[PDB]
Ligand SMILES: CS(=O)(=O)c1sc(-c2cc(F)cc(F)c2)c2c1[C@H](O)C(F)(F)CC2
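Form solved without this ligand, single chain, as structure tokens, below.
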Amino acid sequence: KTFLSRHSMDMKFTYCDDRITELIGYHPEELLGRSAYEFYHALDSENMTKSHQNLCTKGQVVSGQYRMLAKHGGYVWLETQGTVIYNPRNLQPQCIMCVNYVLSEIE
């Protein structure tokens, strides 16, 4: 299975695929408008930031399996590929399309 993660502005959750409730537990609409950094892992937060900064200057990058923080203090080992889409009118970053790949279970 896979999961569509939309990140914009402060890389927050602009939209989350319903399949997120089957992995993290957070209801898709619940992440809408909340800071992703709030639950951006614990010791794997640096990995997210580093990959994020790199992604914003590359367009598309694949982030290795990290401990994704669940709604119950769990760490799901999932891999995610991010692709920042640009607006064709003002020519600027619109939204980041992050494709999550389910591989391992929850730590």
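Numbering starts at 1 and runs along the sequence shown.
The next section is about a form of this same protein that is not shown, the form deposited with this ligand bound.
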{"property": "Contact label in the bound PDB entry: residue 11 to this ligand, heavy atom within 4.5 Å", "result": "yes"}
{"property": "Contact flag, residue 96 vs this ligand in the bound PDB entry, heavy atom cut 4.5 Å", "result": "yes"}
{"property": "Contact label in the bound PDB entry: residue 32 to this ligand, heavy atom within 4.5 Å", "result": "no"}
{"property": "Interface residues of 45-69 toward this ligand, as seen in the bound PDB entry [heavy atoms, 4.5 Å]", "result": "48, 51, 52, 55, 61, 63, 66, 68"}
